[PDB]
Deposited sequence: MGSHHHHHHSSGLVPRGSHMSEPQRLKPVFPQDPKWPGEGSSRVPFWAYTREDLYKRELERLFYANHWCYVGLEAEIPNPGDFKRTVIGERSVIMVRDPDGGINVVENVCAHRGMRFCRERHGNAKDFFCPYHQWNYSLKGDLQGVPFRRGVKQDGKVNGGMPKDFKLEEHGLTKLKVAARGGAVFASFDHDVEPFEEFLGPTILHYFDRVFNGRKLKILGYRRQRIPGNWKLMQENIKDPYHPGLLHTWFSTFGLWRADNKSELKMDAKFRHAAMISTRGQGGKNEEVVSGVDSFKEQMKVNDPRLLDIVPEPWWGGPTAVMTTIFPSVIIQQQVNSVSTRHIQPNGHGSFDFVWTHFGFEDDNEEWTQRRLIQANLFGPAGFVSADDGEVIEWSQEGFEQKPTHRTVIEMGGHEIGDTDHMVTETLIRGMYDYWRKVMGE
């Protein structure tokens, strides 16, 4: 029986993940409902991407286009890129500077906070000698602005959420994972070094798994003191660890680290924060169906970086991204795993390294972060 019928998870615990957890579109739509559109903070960008008032950057949450714009007061608004009249996705550029949002189908104008400021022909058109058209006078702009999202900005990073009753960002991450978040985003002003983008034909969860997988780097990436910590709900995680042209390494330790040499922090479900040697990046997951996701790397540095340090970060970025000596393996194996899952969706994986227990460890020889991820997955999705 290769294709499932009324599937049920193989028992309790999470030491065996069924293949259909990656191949079912109904499960994926429920994932969009419960992990991206409710009860979660999802990454929308960096403050440096929108330094001045009016600066906006288009991005995504789950599969919903949103706009992150800097308000004239200095705050950050996040609105849904869908108009109130007839649902047109009106914002087409990736970035720019606008005093207001506007949809040109019928030229509805909204403030930078999403408030409907103008509707052409709202009170009608008097011609000779009649007033024609107009909106029904019960309709007022207060109720037909852009869907607004709540915003959490911290350390230079910007998250947002459709759910307005979501726990505060700090309580969302928990103390231990928030320590490493702040460890990279330590209050300095960041400078954007650039973007890389890749479309990976696998289930989005496989990327979280890949950055919740601590012992694959020593076995997969042939271009090569650890501890793994989690938040209360096992959703977020932190992995802590201590050639012809010498410039291709030229690794110089940095004081702000300040003792772990590498930390890979997965903030569920939307983002990875990478600190590897001297390269520092965010990795944004943007799902597209159950079997594909886009992956956007924002590589950045700090303002106190001189030009030598900028060159250091840039050259070491050659190890990561869609072409890196290390990172291409990840997309490749994620695609191949998805092919395997689709091949026999009734089967199951075995994530049993380090036992079946879920908890923070002081070694890297365990799949406990994935076991915790799928404990949380079963709880949130009722599977």
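In this entry, the deposited residues absent from the coordinate set span 1-27, 252-261, 280-301.
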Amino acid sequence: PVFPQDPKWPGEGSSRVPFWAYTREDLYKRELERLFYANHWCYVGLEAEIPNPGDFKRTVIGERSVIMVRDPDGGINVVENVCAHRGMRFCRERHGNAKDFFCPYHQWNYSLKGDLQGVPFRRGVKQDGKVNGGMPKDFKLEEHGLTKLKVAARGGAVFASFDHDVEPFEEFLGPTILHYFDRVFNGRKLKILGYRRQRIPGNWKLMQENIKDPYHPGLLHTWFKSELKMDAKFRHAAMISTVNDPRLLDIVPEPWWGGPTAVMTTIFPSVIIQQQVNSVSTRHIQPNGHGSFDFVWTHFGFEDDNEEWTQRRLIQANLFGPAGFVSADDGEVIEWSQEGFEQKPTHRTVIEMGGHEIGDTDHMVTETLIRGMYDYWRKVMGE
From here on, numbers count along this sequence of modelled residues.
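Per-stretch averaging of Cα B factors for 72-80 and 202-210 places 72-80 on top.
Per the PDB record, of the two stretches 131-139 and 214-222, 131-139 carries the greater mean B-factor over its C-alpha atoms. Highest C-alpha temperature factor among 30, 58, 344, 356 per the entry: 356. Per the PDB record, 259 has a higher Cα B-factor than any other of 287, 96, 156, 259. Compared with the other modelled residues of the chain, the Cα B-factor recorded for residue 320 ranks in the middle third. Per the deposited record, the Cα B-factor of residue 41 falls in the highest third when ranked against the other modelled residues of its chain.
The PDB entry assigns residue 195 a C-alpha temperature factor belonging to the lowest third of its chain's modelled residues. Split the chain's modelled residues into thirds by C-alpha temperature factor. Residue 15 is in the middle one. Ranked by Cα temperature factor within the chain, residue 25 sits in the lowest third according to the deposited record.
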